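I have placed the structure first, in the form of structure tokens, so that the comments after it can refer back to it.
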Number of protein chains: 6
Amino acid sequence: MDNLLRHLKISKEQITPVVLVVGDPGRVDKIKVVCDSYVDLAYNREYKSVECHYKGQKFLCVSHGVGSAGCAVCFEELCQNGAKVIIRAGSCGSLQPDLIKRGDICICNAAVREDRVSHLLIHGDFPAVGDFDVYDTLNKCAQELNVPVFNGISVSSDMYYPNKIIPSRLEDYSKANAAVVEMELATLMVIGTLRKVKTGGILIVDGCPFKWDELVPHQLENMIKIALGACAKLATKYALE
Amino acid sequence: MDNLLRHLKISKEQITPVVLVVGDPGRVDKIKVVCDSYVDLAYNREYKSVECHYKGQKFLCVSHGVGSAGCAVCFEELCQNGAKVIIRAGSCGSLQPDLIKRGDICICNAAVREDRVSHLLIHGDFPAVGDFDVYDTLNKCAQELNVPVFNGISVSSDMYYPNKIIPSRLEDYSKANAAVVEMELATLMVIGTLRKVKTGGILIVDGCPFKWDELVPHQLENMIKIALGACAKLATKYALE
Amino acid sequence: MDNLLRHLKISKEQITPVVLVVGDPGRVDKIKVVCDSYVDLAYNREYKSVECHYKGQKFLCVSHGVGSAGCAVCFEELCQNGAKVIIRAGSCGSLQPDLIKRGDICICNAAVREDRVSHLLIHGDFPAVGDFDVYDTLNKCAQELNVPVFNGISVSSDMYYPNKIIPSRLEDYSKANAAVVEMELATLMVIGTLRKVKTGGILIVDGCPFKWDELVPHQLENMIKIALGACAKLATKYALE
Amino acid sequence: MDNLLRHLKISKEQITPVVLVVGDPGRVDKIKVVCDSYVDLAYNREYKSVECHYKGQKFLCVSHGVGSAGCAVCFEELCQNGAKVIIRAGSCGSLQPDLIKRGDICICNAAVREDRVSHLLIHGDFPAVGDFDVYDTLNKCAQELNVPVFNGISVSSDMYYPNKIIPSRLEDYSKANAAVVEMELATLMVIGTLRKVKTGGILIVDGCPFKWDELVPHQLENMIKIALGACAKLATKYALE
Amino acid sequence: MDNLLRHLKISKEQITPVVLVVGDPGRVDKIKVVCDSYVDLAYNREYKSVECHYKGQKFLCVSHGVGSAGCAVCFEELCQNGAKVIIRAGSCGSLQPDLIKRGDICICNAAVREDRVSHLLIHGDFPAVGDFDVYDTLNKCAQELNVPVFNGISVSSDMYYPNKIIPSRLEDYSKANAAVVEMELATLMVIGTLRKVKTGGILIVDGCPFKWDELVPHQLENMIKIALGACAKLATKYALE
Amino acid sequence: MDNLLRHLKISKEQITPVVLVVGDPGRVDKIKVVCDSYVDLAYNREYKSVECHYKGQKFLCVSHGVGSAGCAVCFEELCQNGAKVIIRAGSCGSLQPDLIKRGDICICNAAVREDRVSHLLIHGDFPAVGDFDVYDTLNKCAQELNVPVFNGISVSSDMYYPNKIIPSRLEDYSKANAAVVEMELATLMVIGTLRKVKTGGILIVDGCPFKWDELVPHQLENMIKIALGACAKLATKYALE
Ligand SMILES: O=c1[nH]cnc2c1ncn2[C@@H]1O[C@H](CO)[C@@H](O)[C@H]1O
Ligand SMILES: O=c1[nH]cnc2c1ncn2[C@@H]1O[C@H](CO)[C@@H](O)[C@H]1O
Ligand SMILES: O=c1[nH]cnc2c1ncn2[C@@H]1O[C@H](CO)[C@@H](O)[C@H]1O
Ligand SMILES: O=c1[nH]cnc2c1ncn2[C@@H]1O[C@H](CO)[C@@H](O)[C@H]1O
Ligand SMILES: O=c1[nH]cnc2c1ncn2[C@@H]1O[C@H](CO)[C@@H](O)[C@H]1O
Ligand SMILES: O=c1[nH]cnc2c1ncn2[C@@H]1O[C@H](CO)[C@@H](O)[C@H]1O
């Protein structure tokens with residue numbers, strides 16, 4: 001303890017009760033934009049940090065790059081230091097081609113544990129599940145902002161480029177009703193459950209991994225405001241030490 | 001198809017939209033009692049079936065005995081035939097000795113997948129997670145009936161009597177924040193997710209597996225009414241074909 | 001210790017040296033019938049208990065319902081308390097369609113460990129195997145009562161209703177020469193080996209899981225008498241403390 | 001087909017109905033000695049082959065060296081070509097230090113599947129179990145020759161020299177009642193079950209893997225004669241095409 | 001195909017035969033500095049791309065951020081497009097506290113496969129191994145530049161922050177002689193082997209994961225020049241289509 | 001300690017710094033022949049031992065029979081007693097039918113860990129990898145003796161005779177670029193890494209496991225001399241205590 005965070009390279013007194021984590025640090029800037037005010041905090045490797053101010057409340061907006069071990073070090077440094085709520089806003093592909101299309105929004109409550117990091121944390125029998133509150137508040141912002149959302153189960157797969165040798169299960173989990181595929185959410189949920197952190201997550205359909213071989217920015221605008229609004233909503237309760 | 005259900009030995013036209021499943025068929029009778037009216041339907045092996053009527057609505061109350069493969073055949077026969085919502089009310093032991101004590105009530109949203117049946121259904125990377133709606137409605141009945149509840153993660157272990165040779169993980173999952181231990185809930189949740197059935201579950205603390213070596217019926221009364229009330233609440237939406 | 005058995009709800013002084021366990025408690029009654037005399041002992045959940053008297057000997061007849069975790073608690077309470085021999089009589093489906101047909105009888109000596117409960121007890125490298133004596137005595141009663149039997153390997157699968165996603169192995173084990181499929185026998189055998197209890201089991205072909213998509217009570221009568229006779233035979237040795 | 005056996009380097013018309021397989025080819029010679037007459041057949045790598053003649057019957061005596069993949073190729077070439085019964089006589093160490101001591105004899109009926117070869121054949125849920133007949137005949141020769149035997153479960157471990165890093169399970173399986181430890185028997189049993197070959201096995205206690213850090217040839221004589229006598233006994237039934 | 005690379009956001013005609021991949025894009029700039037000339041190519045998320053020119057040769061210098069799934073998408077986009085050789089220069093911690101200290105340099109030839117991405121590519125029985133040539137050339141640059149190096153096995157663990165519940169194996173692999181711990185190298189090696197790409201890697205000791213609870217830039221300078229020199233050396237062979 | 005080696009039945013003062021291990025003890029004799037002088041040492045079970053003298057140096061030539069557990073006891077007794085370098089010369093089948101044909105020679109540097117013995121030693125995440133030096137010296141003898149060699153990855157499978165039930169992976173590993181299939185090399189490499197022993201291996205193509213259903217002795221002569229020459233080369237460094 002002194003002025004730590006090893007990877008975020010921010011201080012432990014800059015960690016707020018609520019955090020919004022995204023993957024691409026250029027989108028920390030596109031979110032920076034719609035807020036009321038901000039404080040840029042640090043930019044180390046894939047990890048751009050920032051104090052966002054929206055509707056009377058402050059909360060970080062921090063990016064974890066692509067994939068679970070790298071995202072895990074970010075989530076881990078947050079909870080060790082005092083994030084109470086962590087919502088991920090990001091992108092995903094559709095596992096339901098003709099129901100979930102490009103630009104639709106899912107608010108996901110559980111995910112498939114297809115990394116390895118959580119498995120080095122807890123036995124794979126464990127659920128990766130978000131917290132209901134976070135999931136409920138996120139859901140009603142959608143409804144107050146009059147914006148359709150799906151809800152569902154996401155598969156957090158570490159293989160982005162499947163292979164000719166082993167069965168990629170994604171069809172398996174499609175037939176099993178999972179809605180979307182992304183890379184980081186199971187990890188968030190497992191760490192959170194372990195360290196007592198309420199997590200949640202919302203995602204915009206980029207594409208469908210099944211038809212790779214073959215505007216949204218409006219929806220992108222909606223999704224940020226649902227996520228910003230939820231963080232504001234959720235930061236309220238803790239505001240005052 | 002004719003007058004099927006192989007194990008429940010009821011008809012496919014007796015399956016309602018909502019079902020309440022418990023473990024012990026003698027408690028199908030203690031629930032039978034607090035309802036407004038009933039129709040006894042069948043009693044085969046561990047599987048006592050019944051049409052419950054409460055607050056203007058009808059729904060089955062069906063028992064699956066002790067453990068997952070046997071409970072699985074019950075849950076499976078229900079969804080194949082048209083249950084849309086299945087809430088389990090039951091008993092559990094505490095994994096948090098000095099916070100969750102005898103008689104407390106958990107409304108659980110996820111569970112550890114420590115059977116085998118779900119694993120023969122889907123890969124263990126999959127979450128066993130209840131549906132939020134079912135979980136929300138169950139939660140607010142508790143609050144309208146002014147009755148404290150915990151919420152949490154349950155471990156559905158198949159070993160009731162642990163052994164001298166292999167590590168029982170229950171301490172593992174305690175340290176991991178899981179609240180209670182029971183035997184059947186992961187299975188319900190996985191089948192449901194697979195067959196498109198909203199599930200949920202609520203449980204009364206019987207004891208603590210950790211201090212085995214060493215009134216509630218009021219709470220039992222509360223828990224039934226929270227579960228009966230939720231089924232009534234949840235059956236409302238489907239009522240009318 | 002006082003008047004225990006938690007699930008059987010019988011006393012520890014009512015546990016005999018030999019026990020006959022079946023699945024359906026209504027068949028504890030159909031066996032009750034052919035004996036010379038009986039003492040009904042307790043009926044709790046899926047667990048009907050009974051003192052059977054046949055050919056000069058006494059032995060329990062106790063039912064474990066459908067599936068392994070639930071059956072496991074029954075078997076476990078028996079050995080902890082003093083059953084020395086436990087034979088299961090039950091039903092099974094054929095894995096060999098055109099050799100093992102409806103009504104044939106197998107006396108099985110080993111099984112596939114497709115539960116989870118034994119795996120929480122011992123590593124899956126372990127055999128589930130009956131004891132030879134029990135298996136020999138059971139076999140020669142068949143021959144003294146002039147009644148054909150198959151012998152074989154049973155698969156104790158926890159999935160009764162296979163799925164569209166994962167490979168059910170039953171064809172795998174058919175090609176591997178396994179004779180029949182049931183749900184509880186591996187568990188019995190593993191617990192027994194662990195707690196020093198001789199187990200065995202015999203089974204009547206109900207059907208074939210492979211042609212689901214498409215009198216015996218005489219054989220049922222034979223099988224009970226082979227099992228009753230074996231228990232009598234086997235109880236003899238211990239009779240006198 | 002012409003004059004095959006790739007590793008035994010004997011002909012397919014030299015394979016008899018019964019075979020006795022041991023590990024060390026120098027003990028094929030010590031068995032060669034007590035027979036009535038013999039025909040030496042081939043000696044390739046670890047695989048010495050021989051036609052034994054005892055009490056009016058002929059049967060091979062063939063050695064598979066140390067360990068399962070190498071033994072597996074031997075067992076496999078036998079069944080593919082027409083061995084109907086295969087008994088292994090060998091050595092083992094005690095897993096029960098103060099009950100099973102140096103020179104005692106076990107007739108084993110099941111084993112732990114701690115190789116890999118069987119697992120590339122069948123799923124590890126499968127039992128490695130001998131055939132009862134083979135096991136019964138072997139047992140009664142012991143009793144006709146007035147020679148004490150234990151019966152039991154053997155662990156067929158591939159690690160002879162355990163390590164400082166991973167848990168060797170041998171204590172695990174001791175606490176679980178397994179009697180002895182050897183290297184090849186599970187494989188025999190699994191292949192046999194797969195290819196429809198009755199197998200069995202008997203073993204003399206060499207030592208105890210647990211006290212490594214700290215006459216029998218009479219018993220060795222007994223064990224051969226129990227095994228020779230069983231092969232004679234068992235070859236009788238097939239004698240005459 | 002047109003102007004692809006989805007994550008590197010460079011063109012397929014900008015991919016050279018040799019590539020040097022590091023983790024932190026700020027170190028793509030510190031390497032940019034010691035070269036003779038460069039061409040900055042793209043900067044997308046964690047992925048800064050660059051044409052380096054050193055000793056008469058050109059080769060990319062591309063960064064994959066922290067962890068395997070995210071690094072995997074980088075490595076994958078390279079080989080799909082035509083990298084023939086990929087050397088990773090990075091950082092690691094010591095698994096041998098009192099032999100491998102802060103600032104020492106390992107040239108590693110194999111690694112432990114403690115991700116998940118490779119396992120979705122190939123069965124975990126597969127080695128993660130570098131190519132000998134790459135490893136030899138890297139080694140002799142060290143010796144021509146008169147700079148001590150260790151050689152060894154690296155563990156590519158996805159858990160950076162170990163946990164209170166599951167055994168972190170790092171001690172296990174220490175006792176097993178592994179030299180250093182990092183996060184990305186196994187993946188590189190496995191993808192490469194799969195797509196026919198020679199890989200290698202060299203690493204500077206940052207610290208020791210075992211004493212966390214308790215100048216180098218010279219060595220950092222050496223390591224770049226060993227890696228730059230190797231890439232130059234290795235690019236030579238392909239130079240001329 | 002006195003005159004140990006339990007299986008090799010040689011003394012601990014007869015173990016040299018370098019050892020050449022082959023599988024078939026009749027090939028210990030065909031190697032015995034091309035040397036300058038020898039000392040026959042012991043012949044126990046599958047384990048023929050011998051002091052070879054070639055180009056001024058001495059080194060053992062010791063045979064481990066067919067398969068990994070049996071080979072493992074040989075390798076293990078060597079390192080425990082003081083072998084510093086162990087090269088295996090043997091045979092293999094081709095996984096690349098139309099590139100690697102009958103009589104070609106591979107010098108292999110890694111292998112697939114498809115035994116069980118190494119897995120009882122270390123976690124399967126571990127690489128089985130030879131040492132570079134051994135691999136380099138072996139490679140340049142080939143080039144000084146003007147004899148083509150492939151280099152590659154070998155699969156050390158324990159199943160020689162694949163089955164009708166489970167997927168043999170060999171096609172899997174072919175598609176993955178593995179060059180040849182044998183039975184013992186992964187074990188050597190893993191033990192060596194564990195006990196600090198440099199290992200290596202070279203192999204002549206006997207056939208192709210894929211076309212089983214359908215002179216070299218010159219190459220055999222070359223391969224021995226490459227292996228003998230390497231052992232001579234490698235023994236040089238240690239020669240003089
Ligand atoms: O089809 C997909 N598979 C996996 N991840 C995806 C997909 N679509 C979007 N993402 C998300 O976007 C990033 C990839 O650039 C990943 O971080 C993942 O979270
Ligand atoms: O401590 C416990 N471990 C496992 N299951 C329990 C426990 N307490 C209550 N149940 C629940 O009650 C039945 C057992 O009779 C089981 O069905 C289980 O669901
Ligand atoms: O085809 C079958 N699969 C699985 N179990 C079976 C089958 N047939 C009979 N049983 C046996 O009967 C009960 C099912 O009602 C189960 O307890 C099982 O033991
Ligand atoms: O303590 C033991 N562990 C493993 N195998 C043993 C033991 N004792 C005897 N054998 C048997 O003897 C050979 C070893 O030389 C092995 O083939 C094994 O079958
Ligand atoms: O002790 C360690 N454990 C795991 N990875 C490490 C360690 N030290 C250095 N790295 C390397 O540096 C980055 C972490 O910021 C990771 O990318 C890893 O590759
Ligand atoms: O196609 C093959 N599969 C497996 N092992 C082989 C093959 N060809 C050669 N060997 C090698 O030769 C011996 C078999 O007699 C085995 O020891 C193995 O190392």
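Chains: A, B, ... in order of the structure tokens. Residues: from 1 per chain. Ligands: from 1, in order shown.
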Open item on the list: Taking only C-alpha atoms and all ligand atoms into account, which residues have an atom no farther than 8 Å from ligand 1? I'd like them as number ranges by chain.
Closed with: A: 23, 65-67, 90-94, 156-160, 181-184, 205-209; E: 6-7, 70
Written selection (N, CA, C and O atoms) as a short mmCIF file (atom, residue, chain, number, x, y, z; two decimals), in the first residue's frame:
```cif
data_model
loop_
_atom_site.label_atom_id
_atom_site.label_comp_id
_atom_site.auth_asym_id
_atom_site.auth_seq_id
_atom_site.Cartn_x
_atom_site.Cartn_y
_atom_site.Cartn_z
N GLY A 23 -13.76 -3.02 -22.88
CA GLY A 23 -12.55 -3.66 -23.39
C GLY A 23 -11.51 -2.83 -24.10
O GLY A 23 -10.34 -3.11 -23.99
N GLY A 65 -8.88 -4.60 -21.94
CA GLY A 65 -8.59 -5.33 -23.17
C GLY A 65 -9.27 -6.65 -23.49
O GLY A 65 -10.24 -7.08 -22.84
N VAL A 66 -8.75 -7.32 -24.52
CA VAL A 66 -9.39 -8.51 -25.05
C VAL A 66 -8.93 -9.78 -24.35
O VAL A 66 -7.75 -10.13 -24.46
N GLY A 67 -9.86 -10.43 -23.61
CA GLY A 67 -9.67 -11.79 -23.08
C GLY A 67 -9.54 -11.81 -21.56
O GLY A 67 -9.22 -10.80 -20.97
N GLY A 90 -20.08 -3.94 -23.41
CA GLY A 90 -19.20 -4.36 -24.45
C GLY A 90 -19.94 -4.78 -25.68
O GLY A 90 -21.02 -4.32 -25.97
N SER A 91 -19.30 -5.69 -26.38
CA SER A 91 -19.80 -6.18 -27.64
C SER A 91 -19.90 -7.69 -27.51
O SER A 91 -19.39 -8.27 -26.55
N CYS A 92 -20.65 -8.33 -28.40
CA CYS A 92 -20.76 -9.78 -28.41
C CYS A 92 -21.20 -10.19 -29.81
O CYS A 92 -21.61 -9.34 -30.58
N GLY A 93 -21.12 -11.47 -30.11
CA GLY A 93 -21.75 -12.00 -31.33
C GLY A 93 -23.00 -12.79 -30.99
O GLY A 93 -23.17 -13.25 -29.85
N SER A 94 -23.90 -12.93 -31.95
CA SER A 94 -25.13 -13.67 -31.72
C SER A 94 -24.96 -15.18 -31.89
O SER A 94 -24.35 -15.65 -32.88
N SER A 156 -18.64 -17.00 -22.52
CA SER A 156 -17.40 -16.31 -22.54
C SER A 156 -16.29 -17.22 -23.08
O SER A 156 -15.52 -17.73 -22.28
N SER A 157 -16.23 -17.46 -24.40
CA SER A 157 -15.13 -18.27 -25.00
C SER A 157 -13.82 -17.53 -25.25
O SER A 157 -13.77 -16.42 -25.75
N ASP A 158 -12.74 -18.19 -24.85
CA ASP A 158 -11.34 -17.81 -25.11
C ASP A 158 -10.79 -18.06 -26.47
O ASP A 158 -9.70 -17.57 -26.85
N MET A 159 -11.48 -18.92 -27.18
CA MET A 159 -11.14 -19.10 -28.59
C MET A 159 -12.03 -18.23 -29.39
O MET A 159 -13.23 -18.46 -29.40
N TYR A 160 -11.44 -17.24 -30.04
CA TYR A 160 -12.10 -16.35 -30.96
C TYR A 160 -12.03 -16.95 -32.35
O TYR A 160 -13.00 -16.87 -33.10
N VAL A 181 -22.18 -14.63 -27.65
CA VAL A 181 -20.81 -15.07 -27.35
C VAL A 181 -19.87 -13.88 -27.17
O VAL A 181 -19.82 -13.03 -28.00
N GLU A 182 -19.13 -13.82 -26.06
CA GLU A 182 -18.14 -12.76 -25.87
C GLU A 182 -16.92 -13.39 -25.19
O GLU A 182 -16.79 -14.60 -25.22
N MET A 183 -16.02 -12.61 -24.59
CA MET A 183 -14.79 -13.24 -24.07
C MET A 183 -14.47 -13.12 -22.59
O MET A 183 -13.73 -13.98 -22.07
N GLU A 184 -15.05 -12.11 -21.91
CA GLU A 184 -14.65 -11.68 -20.54
C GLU A 184 -15.66 -11.80 -19.36
O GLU A 184 -15.30 -11.57 -18.21
N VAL A 205 -24.83 -6.58 -30.07
CA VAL A 205 -24.50 -7.56 -31.11
C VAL A 205 -23.66 -6.95 -32.23
O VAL A 205 -24.15 -6.12 -33.03
N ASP A 206 -22.40 -7.37 -32.30
CA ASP A 206 -21.54 -7.02 -33.42
C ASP A 206 -21.88 -7.87 -34.64
O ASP A 206 -22.11 -7.33 -35.72
N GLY A 207 -21.89 -9.19 -34.47
CA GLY A 207 -22.15 -10.13 -35.57
C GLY A 207 -22.58 -11.50 -35.08
O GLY A 207 -23.15 -11.63 -34.00
N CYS A 208 -22.32 -12.53 -35.89
CA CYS A 208 -22.64 -13.92 -35.56
C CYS A 208 -21.46 -14.81 -35.97
O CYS A 208 -21.15 -14.92 -37.15
N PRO A 209 -20.81 -15.48 -34.99
CA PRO A 209 -19.64 -16.30 -35.32
C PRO A 209 -19.92 -17.39 -36.36
O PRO A 209 -18.97 -17.87 -36.96
N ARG E 6 -8.46 -7.89 -38.58
CA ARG E 6 -9.58 -7.43 -37.77
C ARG E 6 -9.13 -6.71 -36.50
O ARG E 6 -9.72 -5.68 -36.16
N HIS E 7 -8.10 -7.22 -35.81
CA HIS E 7 -7.63 -6.61 -34.55
C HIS E 7 -6.36 -5.77 -34.65
O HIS E 7 -6.25 -4.76 -33.97
N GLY E 70 -6.36 -13.00 -25.67
CA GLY E 70 -6.16 -11.71 -26.30
C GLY E 70 -4.90 -11.70 -27.11
O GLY E 70 -4.87 -11.13 -28.19
#
```
TODO: Go through stretch 32-146 of chain C and collect every residue that DSSP, computed from the backbone, puts in alpha helix (DSSP H); the answer should be as a PyMOL selection string.
DONE: chain C and resi 32+68-79+132-144
Suppose we keep N, CA, C and O atoms; can you now write the selection as a compact mmCIF listing (two decimals), in the first residue's frame?
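File written: selection.txt
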```txt
# COMPACT_ATOMS: atom_id res chain seq x y z
N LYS C 32 -43.32 -58.19 0.70
CA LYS C 32 -44.11 -58.39 1.91
C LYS C 32 -45.12 -59.56 1.78
O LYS C 32 -45.34 -60.29 2.72
N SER C 68 -29.28 -42.30 -7.76
CA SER C 68 -28.10 -42.69 -6.97
C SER C 68 -27.81 -41.93 -5.65
O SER C 68 -27.30 -42.53 -4.74
N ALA C 69 -28.07 -40.63 -5.61
CA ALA C 69 -27.78 -39.80 -4.45
C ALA C 69 -28.79 -40.13 -3.38
O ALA C 69 -28.49 -40.16 -2.17
N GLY C 70 -30.00 -40.41 -3.85
CA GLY C 70 -31.12 -40.72 -2.99
C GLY C 70 -31.06 -42.14 -2.52
O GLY C 70 -31.35 -42.41 -1.36
N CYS C 71 -30.67 -43.04 -3.43
CA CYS C 71 -30.39 -44.42 -3.08
C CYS C 71 -29.17 -44.50 -2.15
O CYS C 71 -29.22 -45.19 -1.15
N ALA C 72 -28.12 -43.73 -2.46
CA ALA C 72 -26.89 -43.62 -1.64
C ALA C 72 -27.06 -43.32 -0.17
O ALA C 72 -26.33 -43.81 0.65
N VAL C 73 -28.02 -42.47 0.16
CA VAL C 73 -28.31 -42.12 1.55
C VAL C 73 -28.92 -43.31 2.33
O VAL C 73 -28.59 -43.53 3.52
N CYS C 74 -29.75 -44.07 1.62
CA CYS C 74 -30.31 -45.37 2.08
C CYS C 74 -29.24 -46.42 2.32
O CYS C 74 -29.08 -46.85 3.44
N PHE C 75 -28.48 -46.79 1.27
CA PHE C 75 -27.31 -47.72 1.39
C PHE C 75 -26.36 -47.28 2.49
O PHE C 75 -25.82 -48.10 3.24
N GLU C 76 -26.11 -45.99 2.55
CA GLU C 76 -25.14 -45.45 3.54
C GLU C 76 -25.57 -45.61 4.99
O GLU C 76 -24.72 -45.80 5.91
N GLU C 77 -26.88 -45.45 5.22
CA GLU C 77 -27.46 -45.52 6.57
C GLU C 77 -27.52 -46.94 7.06
O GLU C 77 -27.43 -47.20 8.27
N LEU C 78 -27.64 -47.86 6.10
CA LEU C 78 -27.64 -49.31 6.34
C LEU C 78 -26.27 -49.78 6.81
O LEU C 78 -26.21 -50.38 7.86
N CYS C 79 -25.20 -49.50 6.04
CA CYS C 79 -23.84 -50.00 6.37
C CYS C 79 -23.24 -49.35 7.59
O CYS C 79 -22.29 -49.87 8.16
N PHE C 132 -18.43 -61.79 -5.10
CA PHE C 132 -18.63 -63.10 -5.74
C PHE C 132 -19.60 -64.05 -5.05
O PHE C 132 -20.44 -64.68 -5.74
N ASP C 133 -19.47 -64.19 -3.73
CA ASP C 133 -20.34 -65.05 -2.92
C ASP C 133 -21.79 -64.70 -3.20
O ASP C 133 -22.54 -65.53 -3.72
N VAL C 134 -22.18 -63.47 -2.86
CA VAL C 134 -23.52 -62.96 -3.13
C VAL C 134 -23.91 -63.30 -4.57
O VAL C 134 -25.01 -63.76 -4.85
N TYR C 135 -22.98 -63.10 -5.49
CA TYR C 135 -23.28 -63.33 -6.90
C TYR C 135 -23.46 -64.83 -7.22
O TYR C 135 -24.32 -65.20 -8.03
N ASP C 136 -22.65 -65.68 -6.58
CA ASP C 136 -22.73 -67.13 -6.74
C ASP C 136 -24.03 -67.68 -6.12
O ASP C 136 -24.77 -68.42 -6.79
N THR C 137 -24.34 -67.27 -4.88
CA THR C 137 -25.54 -67.77 -4.21
C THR C 137 -26.76 -67.37 -5.00
O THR C 137 -27.58 -68.20 -5.30
N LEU C 138 -26.85 -66.10 -5.39
CA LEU C 138 -27.93 -65.63 -6.26
C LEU C 138 -28.05 -66.48 -7.53
O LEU C 138 -29.15 -66.71 -8.03
N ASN C 139 -26.92 -66.91 -8.07
CA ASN C 139 -26.92 -67.66 -9.33
C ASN C 139 -27.43 -69.08 -9.22
O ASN C 139 -28.11 -69.57 -10.12
N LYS C 140 -27.10 -69.73 -8.11
CA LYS C 140 -27.50 -71.10 -7.91
C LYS C 140 -28.96 -71.22 -7.43
O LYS C 140 -29.60 -72.24 -7.68
N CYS C 141 -29.51 -70.19 -6.77
CA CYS C 141 -30.95 -70.17 -6.49
C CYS C 141 -31.73 -70.20 -7.81
O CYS C 141 -32.69 -70.94 -7.97
N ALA C 142 -31.26 -69.40 -8.77
CA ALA C 142 -31.85 -69.38 -10.10
C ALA C 142 -31.93 -70.80 -10.69
O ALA C 142 -32.94 -71.16 -11.29
N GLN C 143 -30.87 -71.58 -10.47
CA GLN C 143 -30.68 -72.92 -11.05
C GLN C 143 -31.41 -74.04 -10.29
O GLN C 143 -31.75 -75.08 -10.87
N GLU C 144 -31.65 -73.80 -9.00
CA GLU C 144 -32.45 -74.67 -8.13
C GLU C 144 -33.92 -74.40 -8.29
O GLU C 144 -34.77 -75.20 -7.86
```
- [ ] Between atom CA of residue E:51 and atom CA of residue E:19, measure the distance and give it in Å to one decimal.
- [x]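 Between atom CA of residue E:51 and atom CA of residue E:19 the gap works out to 9.1 Å.
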Give me, as a PDB file with N, CA and C atoms, in the first residue's frame, the residues of chain E touching chain D, with the criterion being at most 12 Å (counting only C-alpha atoms).
```
ATOM      1  N   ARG E 169      -0.570 -24.137  -8.687  1.00  0.00           N
ATOM      2  CA  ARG E 169       0.468 -25.145  -8.890  1.00  0.00           C
ATOM      3  C   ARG E 169       1.906 -24.610  -8.931  1.00  0.00           C
ATOM      4  N   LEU E 170       2.082 -23.306  -9.033  1.00  0.00           N
ATOM      5  CA  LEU E 170       3.429 -22.784  -9.255  1.00  0.00           C
ATOM      6  C   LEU E 170       4.532 -23.429  -8.410  1.00  0.00           C
ATOM      7  N   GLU E 171       4.234 -23.784  -7.158  1.00  0.00           N
ATOM      8  CA  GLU E 171       5.254 -24.511  -6.408  1.00  0.00           C
ATOM      9  C   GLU E 171       5.515 -25.875  -7.042  1.00  0.00           C
ATOM     10  N   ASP E 172       4.432 -26.582  -7.345  1.00  0.00           N
ATOM     11  CA  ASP E 172       4.472 -27.832  -8.114  1.00  0.00           C
ATOM     12  C   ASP E 172       5.448 -27.780  -9.263  1.00  0.00           C
ATOM     13  N   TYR E 173       5.318 -26.765 -10.132  1.00  0.00           N
ATOM     14  CA  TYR E 173       6.174 -26.652 -11.324  1.00  0.00           C
ATOM     15  C   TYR E 173       7.601 -26.158 -11.015  1.00  0.00           C
ATOM     16  N   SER E 174       7.758 -25.385  -9.949  1.00  0.00           N
ATOM     17  CA  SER E 174       9.078 -25.073  -9.396  1.00  0.00           C
ATOM     18  C   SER E 174       9.803 -26.362  -9.045  1.00  0.00           C
ATOM     19  N   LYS E 175       9.240 -27.156  -8.117  1.00  0.00           N
ATOM     20  CA  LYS E 175       9.810 -28.475  -7.744  1.00  0.00           C
ATOM     21  C   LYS E 175      10.109 -29.328  -8.976  1.00  0.00           C
ATOM     22  N   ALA E 176       9.419 -29.031 -10.078  1.00  0.00           N
ATOM     23  CA  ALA E 176       9.559 -29.734 -11.359  1.00  0.00           C
ATOM     24  C   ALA E 176      10.551 -29.091 -12.322  1.00  0.00           C
ATOM     25  N   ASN E 177      11.184 -28.004 -11.888  1.00  0.00           N
ATOM     26  CA  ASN E 177      12.371 -27.434 -12.524  1.00  0.00           C
ATOM     27  C   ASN E 177      12.086 -26.326 -13.514  1.00  0.00           C
TER      28      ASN E 177
END
```
